[PDB]
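Given next are the chains, with one letter for each unit.
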Amino acid sequence: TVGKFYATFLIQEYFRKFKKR
Amino acid sequence: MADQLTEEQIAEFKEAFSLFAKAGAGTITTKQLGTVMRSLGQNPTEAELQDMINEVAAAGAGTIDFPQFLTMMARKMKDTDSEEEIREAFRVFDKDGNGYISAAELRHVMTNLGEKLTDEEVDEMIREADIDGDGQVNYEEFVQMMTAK
Ligand SMILES: [Ca+2]
Ligand SMILES: [Ca+2]
């Protein structure tokens with residue numbers, strides 16, 4: 001359902017990545 | 001399917017790609033490719049060009065048509081709709097409603113979804129980005145630092 005679900009996909013990827021130092 | 005797109009480019013782009021060659025016209029060859037791509041304007045490294053010239057080839061000669069020539073140069077910038085999308089996320093992040101993300105706000109997005117992420121990474125991120133010496137980041141540096149790989 002086109003909504004905020006997409007926003008998560010973005011913030012999610014960047015997070016799990018930049019996670020490590 | 002129309003979605004609005006620059007025009008000044010398609011105008012000049014065709015011109016150069018149109019006026020050239022000699023024994024004929026319509027399309028350019030590997031060598032002529034660079035020639036037209038050169039006068040076009042920008043003149044970055046030659047690596048990107050090399051690869052492409054050899055990547056376009058497929059079931060046919062090396063002669064490239066204008067439609068594919070623009071598609072490539074245009075793709076170089078990578079076209080992807082992500083305006084409103086990011087905007088929506090902007091509101092989710094910020095809490096005061098403005099044009100600059102603050103630590104408090106950033107942390108909120110983190111602690112919310114969970115994923116631990118102590119307040120250590122937050123301050124660390126601000127130290128990496130930040131255009132000016134402000135403990136805050138503008139929508140620009142924000143999006144410029146987003147979209148990783
Ligand atoms: Ca803010
Ligand atoms: Ca800043």
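Residues numbered from 1 in each chain as written, not as in the entry; some residues may be left out. Chains lettered and ligands numbered in written order. Heavy atoms only, no water.

- As summarised from the PDB record, the model derives from solution NMR.

1. Looking at the packing of helix 6 (residues 103-113) of chain B against helix 7 (residues 119-128) of chain B
Residues and elements named next belong to chain B.
Consideration 1: It is the contact of helix 6 with helix 7, at a shortest axis distance of 10 Å, that shows an interaxial angle of 135°. Here helix 6 is positioned oblique relative to helix 7, judged by the angle of their axes. Crossing hand, helix 6 versus helix 7: right-handed. From helix 6, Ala103, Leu106, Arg107 and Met110 reach across to helix 7, where they touch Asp119, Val122 and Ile126.
Consideration 2: Of the residues that constitute the contact of helix 6 with helix 7, the class distribution is five nonpolar, no polar and two charged. (Axes fitted to C-alpha atoms, helices over the stretch in contact; angles between N-to-C directions. Helix = DSSP H or I, 4+ residues; strand = E, 2+ residues; numbered from the N terminus. Parallel < 35°, antiparallel > 145°, perpendicular 65-115°, else oblique. Left-handed = near helix turned anticlockwise from the far one by under 90°. Contact = heavy atoms within 4.5 Å. Nonpolar A, V, L, I, M, F, W, Y, C, P; charged D, E, K, R; others polar.)

2. Overview of helix 6 of chain B
Consideration 1: Residues of helix 6 of chain B that are buried: B:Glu105, B:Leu106, B:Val109 and B:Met110. The arc that holds the buried residues of helix 6 of chain B, viewed along the axis, is 140°, so those residues lie on one side.
Consideration 2: The elements touched by buried residues of helix 6 of chain B are helix 1 (5-18) of chain A together with helix 5 (83-93), strand 3 (100-101) and helix 7 of chain B.
Consideration 3: Looking one or two residues past helix 6 of chain B, B:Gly114 carries a phi angle of roughly 95°, positive in sign. (Buried < 20%, exposed > 50% of the residue type's maximum accessible area, 1.4 Å probe, protein only. Arc of directions from axis to C-beta.)

3. A short note on the interface of chain A and chain B
It is common to give the size of an interface as the accessible area that goes away when the parts come together.
Consideration 1: Taken together, the contacts link twelve residues of chain A with 15 residues of chain B.
Consideration 2: In this assembly, chain A and chain B are joined by zero salt bridges.
Consideration 3: At the junction of chain A with chain B, the criterion picks out zero residue pairs in polar contact.
Consideration 4: For the side of chain A that touches chain B, the per-class residue count stands at seven nonpolar, two polar and three charged. (Salt bridge = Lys/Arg side-chain N within 4 Å of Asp/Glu carboxyl O. Polar contact = N/O pair within 3.5 Å; in protein donor to acceptor, adjacent residues only side chain to side chain.)

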